[PDB]
Structures are given as C-alpha cells and as structure tokens.
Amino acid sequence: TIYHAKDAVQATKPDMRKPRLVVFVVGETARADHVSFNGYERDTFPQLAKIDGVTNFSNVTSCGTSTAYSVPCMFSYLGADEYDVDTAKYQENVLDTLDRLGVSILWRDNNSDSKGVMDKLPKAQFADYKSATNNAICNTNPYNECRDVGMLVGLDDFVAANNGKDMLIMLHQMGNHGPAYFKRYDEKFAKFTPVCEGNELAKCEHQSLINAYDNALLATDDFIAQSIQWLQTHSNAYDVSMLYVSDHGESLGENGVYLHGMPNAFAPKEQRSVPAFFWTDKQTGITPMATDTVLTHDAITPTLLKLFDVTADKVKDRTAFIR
C-alpha cells in the first residue's frame, strides 16, 4: 500500500457537530450532451428538474473512457495525468482515507464491482445489488433485471447501525450500460419509441438507438431523485448531500463508433464528456462551485474530503465541485 494522505485530519468530529451523510452515485455511460440541463433537445431529467438545490455542471471531463479505467481514477489521489490504472489497486484512495478517519463507508453495486476501489476495506462494506439476495427490486421488468432504486432499500438499516457517525454511501449504478440499453429501464420510462433491442448497434435505426439510450436516462433521473428524497428524510439529524458523476460517456454512432473504451489518445469527446450533479440541504452550508466551472474527475477526491471536513496536502490546491 503506497499512501498519499496519511497527513489527513478531520477538522471537526461528529460527536462535536452534526453528523454528515453523503450519497455518491457512481454513474454509468451517461453523456453530458443528452442532459436536458446541458441543452439537450429532450427533457431527460424531469424529476431532477423539480428538486431545489441541484447544481448541474456543464463542463466535466472523465479521467478515462472505461469502468475499469475511470472508477479507480475517480477515487484516486494522483490525478488524471499521473494516474496509473495498472497500479491503482495498491495506492491509498480517498475511501481508504475517510474510513481510516472514522467515516463509515458503504459501497452498493448494481453494475459490476468497485473495480478495486474497495479492496483494502472489509468485504462486508461492499454489497452486490445485481442479485435478488440483496436487491428487493428485480421483478419489475420482463428480464428480472435488478434496478438501481433497489440500492436505496434498507439504507435506513445502515443509518441505524451507524447512528451519529459520518457516513459515505457509494451507489454504483447499472445506469446506461450498453449495448442492451432497452433492458436498463422499466416500462414507465419508455417515453421515446421505437427502441433498438439488438446487440449489433449499427444494424439498428439511429433514432431507435437514441430513444433506448434516452429512456435509460429517464430511469437514472428517477433514481437520483429518489436518492435525494431518501436523503431528505434524514435532513433533521444529518447534514445531507448527494454527488453524482458518470464514469464516462458513450459513443452513439458518431463516425460509426459505438460503446466506449477507446484509448484517451484518440477517444472522441462523446466518450469523455460526462454529467455531474451536486445537491445539498441548505442547512449544511455547503456551497457549490459555479455551474460552468471547468472540471474533471480530479475534482471528486477533494470534494469528498471537503464534505467531511477533512484536509490533505496532496489535493489542497485542487479544484472541487464545492467551495
């Protein structure tokens, strides 16, 4: 384990001030330019656009173009230009730091796994929500595919077990994972029709590919709104906040390019331009940066540290999503 933040200190402690409860939704394949708030032609986030206090960041660039590359970089201390995906698993990451300082760390995953991020922490702090053994919401669609909203169920059980402590909950979304976008949402989010239902994205009509993708976004809009709503049921006892950032974008046929995973050296902009949302309760006194701040995945680690009143020398001058 190569550390980077053993100097990290928490200015105030939850026994001397209000405990802090953050959900960080780790998004999947969402494109910034298909977000209504960024100028997209379709209302893809109707539920999010109804909650006061949400900041939308119009200029966010992912560290890479793949789950395996981007997710470890999102929690890393090295920044995108020094980040080594092949060595990230044995570096201290920001969750390692917050757990060491006493923040309770929970990672629920409806995507795949934490891509090595959670490996140094006890395995019980990680839960697979792709399976009905944990996820109570799988029988709502013809595929019995378990749904992101199921990761909210039972979070009150977790809060009760951690009563009074600071908490950070990562919800790793299935989100817009392809190529089967049509499987990613229940029928209530099938607003754009017809939809593409094949694994060979090229054979599909372009409009039908886009409709499947946008429908999948409607389900993600619902999930994030339900996540904020769950947080508001604890705003009395906790300073609650919600960070969402997508791991990367997606190509939808631009220049005949589909899916993602292309190397940064020639990857198109659609694969790196990602949505980010921040919400906080007004009582917390957290102030977002300007909506048009130039931002990258490098902003995540300083954000999470600021949210828990932690300082560390390695990211002390890095720009965050919050002041």
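We number the residues from 1 along the sequence you see.
- Relative to one another, 259-267 and 31-39 have unequal mean CA B-factors, and 259-267 is the one with the higher figure.
- Of the two stretches examined, 14-22 and 297-305, the record assigns the greater average C-alpha temperature factor to 14-22.
- The maximum CA B-factor among the listed residues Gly102, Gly249, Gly175, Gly150, taken from the PDB record, is found at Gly102.
- The entry lists C-alpha B-factors for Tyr129, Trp107, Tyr77, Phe182, and the highest of these is at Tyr77.
- In this PDB entry, the Cα temperature factor of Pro142 sits in the top third of its chain's modelled residues, the highest group.
- When the modelled residues of the chain are ordered by their C-alpha B factor, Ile286 lands in the highest third.
- Placement of the Cα temperature factor of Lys123 within the chain: middle third of the modelled residues, per the deposited record.
- Among the modelled residues of its chain, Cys73 has a C-alpha B-factor that falls in the middle third according to the deposited record.
- The deposited CA B-factor of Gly154 belongs to the highest third of values across its chain.
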